[PDB]
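Only one structure is covered here, and it is reproduced in the block below.
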Amino acid sequence: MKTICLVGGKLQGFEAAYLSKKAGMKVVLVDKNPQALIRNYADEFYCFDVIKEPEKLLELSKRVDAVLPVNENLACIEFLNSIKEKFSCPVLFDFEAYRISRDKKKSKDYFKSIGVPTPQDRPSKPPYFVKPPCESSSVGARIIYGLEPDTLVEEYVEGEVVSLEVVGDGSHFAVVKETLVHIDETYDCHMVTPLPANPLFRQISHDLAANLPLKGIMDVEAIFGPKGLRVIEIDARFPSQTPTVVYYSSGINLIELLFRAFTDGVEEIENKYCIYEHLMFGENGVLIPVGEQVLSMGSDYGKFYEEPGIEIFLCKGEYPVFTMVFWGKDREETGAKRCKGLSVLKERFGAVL
Ligand SMILES: Nc1ncnc2c1ncn2[C@@H]1O[C@H](COP(=O)(O)OP(=O)(O)OP(=O)(O)O)[C@@H](O)[C@H]1O
Ligand SMILES: Nc1ncnc2c1ncn2[C@@H]1O[C@H](COP(=O)(O)OP(=O)(O)O)[C@@H](O)[C@H]1O
Ligand SMILES: NCCC[C@@H](N)C(=O)OP(=O)(O)O
Ligand SMILES: [Mg+2]
Ligand SMILES: [Mg+2]
């Protein structure tokens, strides 16, 4: 049995912990927040700030098999970079790739440098899509029909938002499984489903990783627009939501693949269906779809229910949020599991949907 140390206990942390458990790994969480979201989900919890007490993390590195940064605190990421040679286990991260990926303008420059289509900057005709240069979870992302002079202003590209994860070992780049990102009125993601292979998107994703070169994990987000595929962002860190759908639909565990990239290396290149979604239990049991932004305001997050083809996680807080995971051999069976999972909420908690 191996042990993984996660630095950060919110949504990235949950995803990493979930897949680590599927891999039969013990999960050690480090987080500066005594109320860290997944503190009770991890097998062990150590509450400290790694910047203030690096010696504690370095000591932990002696008794775990890998350390995985799962936060987007730049101060933390840059500090870990400065001490990474001191760890007694691999640090599963690509710091240079993250530096490019975190800055959306820098990323777009990179896309252009290798001939990858991306939305036109500063269009003359509405609607415009605007977003901060360095946020995630769709924070500050809005459609416009005096922003910071550093705000990204783009043409609005209509169509499917599609995600691909790539794990690189520096030499080989394993492009995994296409997923559909279902957006809400805030452009946050409330649902994820798998998609058939897209050879063009796979090649683009491969080339984005290969030209770095990627040693770590990165996802690629593209919109399948009316005039073709346009890559909107890359994020060189462990993502939330999509890796669960990747796991059920393809059989590939992204935590195991990432761990392999830093130990044995990786090789390039199941077909089930999966529905992943968040639902808030509102006033009087009204079920409301919500995005990640809502889930990250929670106070406690862990497993609520399981049966064959159904996993339900409960995020406690101001109005409970359920994360529902359904899988089966095809859309029909998975839809049947979704109904059963919903009816559990209906009969148990008097939920309405
Ligand atoms: N230096 C650090 N040491 C320990 N844990 C950290 C550190 N920096 C961030 N974290 C933890 O990682 C988790 C995710 O952090 P991140 O900054 O990516 O999301 P956030 O929602 O902006 O965090 P916060 O809850 O602080 O606003 C948080 O629970 C945070 O407490
Ligand atoms: N140019 C664009 N046109 C239309 N929608 C966009 C555009 N850029 C981003 N979006 C939408 O906003 C969401 C968040 O933007 P993204 O660039 O993927 O940032 P993040 O770092 O926040 O996840 C996307 O998933 C997509 O739904
Ligand atoms: N692989 C798509 C996962 C999307 C999302 N949950 C995420 O973690 O990244 P952002 O686009 O920065 O919000
Ligand atoms: Mg992003
Ligand atoms: Mg994004």
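Labeling convention for the structure tokens: chains A, B, ... as they appear, residues from 1 per chain, ligands from 1 in order of appearance.
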
Exercise: residue 71 of chain A partners within 7 Å, only C-alpha atoms, chain neighbours under 3 positions left out, as an NGL selection string:
:A and (7-8 or 12)

Taking 3 positions as the minimum chain separation for residues in the same chain, which residues sit within 10 Å of residue 57 of chain A when counting only C-alpha atoms? Answer as a PyMOL selection string.
chain A and resi 5+7+30+46+48-51+53-54+60-62+67+80+87

Neighbouring residues of ligand 2 are defined here as those with any atom at most 9 Å from a ligand atom, counting only C-alpha atoms and all ligand atoms; list them as a PyMOL selection string.
chain A and resi 102+104+118-121+128-143+153-162+181-184+186-189+220-223+225+230-235

Which neighbours of segment 241-255 of chain A fall inside 8 Å, counting only C-alpha atoms, when residues of the same chain fewer than 2 positions from it are skipped, and could you give them as a PyMOL selection string?
chain A and resi 15-16+19-20+23+163+167+176-179+192-194+239+257-259+270-276+327

Please list as a ChimeraX atom specification every residue within 6 Å of residue 321 of chain A, counting only C-alpha atoms and excluding residues in the same chain fewer than 5 positions away.
/A:279-281,314-315

Using only C-alpha atoms, which residues sit within 8 Å of residue 90 of chain A once same-chain residues fewer than 4 positions away are excluded, as a list in words?
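Within the cut-off, the hits are residues 65, 66, 67 and 262 of chain A.
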
Could you write out that same residue set with N, CA, C and O atoms as a PDB file, in the first residue's frame?
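Written out: again_26.pdb:
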ATOM      1  N   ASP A  65       4.759   8.288  -0.183  1.00  0.00           N
ATOM      2  CA  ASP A  65       5.325   7.909  -1.473  1.00  0.00           C
ATOM      3  C   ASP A  65       5.387   9.051  -2.489  1.00  0.00           C
ATOM      4  O   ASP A  65       6.168   8.994  -3.438  1.00  0.00           O
ATOM      5  N   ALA A  66       4.563  10.077  -2.286  1.00  0.00           N
ATOM      6  CA  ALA A  66       4.546  11.247  -3.168  1.00  0.00           C
ATOM      7  C   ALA A  66       3.827  12.408  -2.500  1.00  0.00           C
ATOM      8  O   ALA A  66       2.989  12.202  -1.626  1.00  0.00           O
ATOM      9  N   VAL A  67       4.171  13.625  -2.915  1.00  0.00           N
ATOM     10  CA  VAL A  67       3.486  14.835  -2.468  1.00  0.00           C
ATOM     11  C   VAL A  67       2.828  15.487  -3.682  1.00  0.00           C
ATOM     12  O   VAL A  67       3.475  15.702  -4.713  1.00  0.00           O
ATOM     13  N   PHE A 262       6.066   9.978 -12.680  1.00  0.00           N
ATOM     14  CA  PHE A 262       7.209  10.364 -11.855  1.00  0.00           C
ATOM     15  C   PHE A 262       8.002   9.177 -11.301  1.00  0.00           C
ATOM     16  O   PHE A 262       8.983   9.374 -10.584  1.00  0.00           O
TER      17      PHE A 262
END

Would you pick out the contacts of residue 24 of chain A at 10 Å or less, using only C-alpha atoms, so that residues sharing its chain but fewer than 6 positions from it are not included, and give the list as a list in words?
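Once the nearby chain positions are removed, what remains is residues 1, 2 and 3 of chain A.
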
Keeping C-alpha atoms for every residue in the selection just given, could you write it to a file as a CSV table (one decimal), in the first residue's frame?
chain,number,residue,atom,x,y,z
A,1,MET,CA,0.0,0.0,0.0
A,2,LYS,CA,1.2,3.5,-1.0
A,3,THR,CA,0.5,6.8,0.7

Can you list, as a count of residues only, every residue of segment 25-92 of chain A that DSSP puts in strand (DSSP E or B)?
15

Between A:256, A:200, A:47, A:99, which one has atoms that come closest to residue 21 of chain A, using only C-alpha atoms?
A:256

Find the spatial neighbours of residue 204 of chain A, counting only C-alpha atoms, within a cut-off of 10 Å - ignore same-chain residues fewer than 4 positions away - and output them as a tab-separated table (two decimals) with C-alpha atoms, in the first residue's frame.
chain	number	residue	atom	x	y	z
A	111	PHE	CA	-1.07	28.50	-28.29
A	114	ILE	CA	2.62	26.51	-31.99
A	115	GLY	CA	-0.28	27.33	-34.36
A	116	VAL	CA	-3.19	26.30	-32.10
A	117	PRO	CA	-6.46	28.20	-32.75
A	175	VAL	CA	-3.76	11.94	-23.83
A	199	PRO	CA	-8.56	13.01	-33.22
A	200	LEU	CA	-7.91	16.74	-33.83
A	208	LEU	CA	0.53	21.41	-26.15
A	209	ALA	CA	2.01	18.96	-23.63
A	210	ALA	CA	4.91	17.82	-25.86
A	220	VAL	CA	-6.87	21.35	-22.08
A	229	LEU	CA	-12.21	24.15	-32.33
A	231	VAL	CA	-8.58	26.30	-27.23
